[PDB]
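A single chain, nothing else alongside it, follows as structure tokens in the form deposited in one PDB entry.
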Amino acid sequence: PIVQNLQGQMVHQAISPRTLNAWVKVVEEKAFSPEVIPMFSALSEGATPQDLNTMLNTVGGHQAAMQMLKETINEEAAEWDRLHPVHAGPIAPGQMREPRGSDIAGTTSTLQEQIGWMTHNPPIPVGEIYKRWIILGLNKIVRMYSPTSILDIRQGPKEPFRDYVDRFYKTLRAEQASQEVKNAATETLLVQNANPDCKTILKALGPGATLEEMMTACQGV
């Protein structure tokens, strides 16, 4: 992002390799979860357009998602330009030429220009604007490849099994799913998602173990 010299200039500092590594870990682990979006926003705090593109190149192997981001970015850039028509006249010594859509996406603009816009009084916040376009894109990605569920409800290593059951069923009840899907959830996913020690106990019960029998079996595991 942007930092000030002891000589007073606003200069660019590349994103830390640790911030970058975190972002790449988030994407690796949080596939296409709604959870990616808040993380992306936290990790990209202060980012210039150049920095944002740096983050995206790091997860570019996701080609279908990158394609979706491209189309969103092109769309928003096109609307920006409609709202911000080019003005050919001279620029007064105390004005600054406005960014185009491609300047915001970092395509036709330099880091120096991005910093000049971002730190103007008041700012032309091209980092924040580009970040919004990316977020629009990410929301479209999750919404396209992501249904609601209970799949990530997992018993904690020290979680009492009765508490896990409660969470599981609460999540279950609030979903809009067919009964046959919910039947699989109660009869198989609950055990599937129990912790290692409880699952092993649960899987050694009989053919017709009742949930009460399950709770009895896993109490204090």
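Numbers for residues come from their place in the sequence shown, where the first is 1.
Keep in mind that the form deposited with a partner chain bound is missing from the display, and what follows is about it.
At a distance threshold of 4.5 angstroms between non-hydrogen atoms, residue 193 is out of contact with its partner chain in the deposited bound form. Interface membership of residue 150, defined by any non-hydrogen atom within 4.5 Å of its partner chain in the deposited bound form, is ruled out. In the deposited bound form, its partner chain stays beyond 4.5 Å of every heavy atom belonging to residue 189. The closest non-hydrogen atom of residue 73 lies within 4.5 Å of its partner chain in the deposited bound form.
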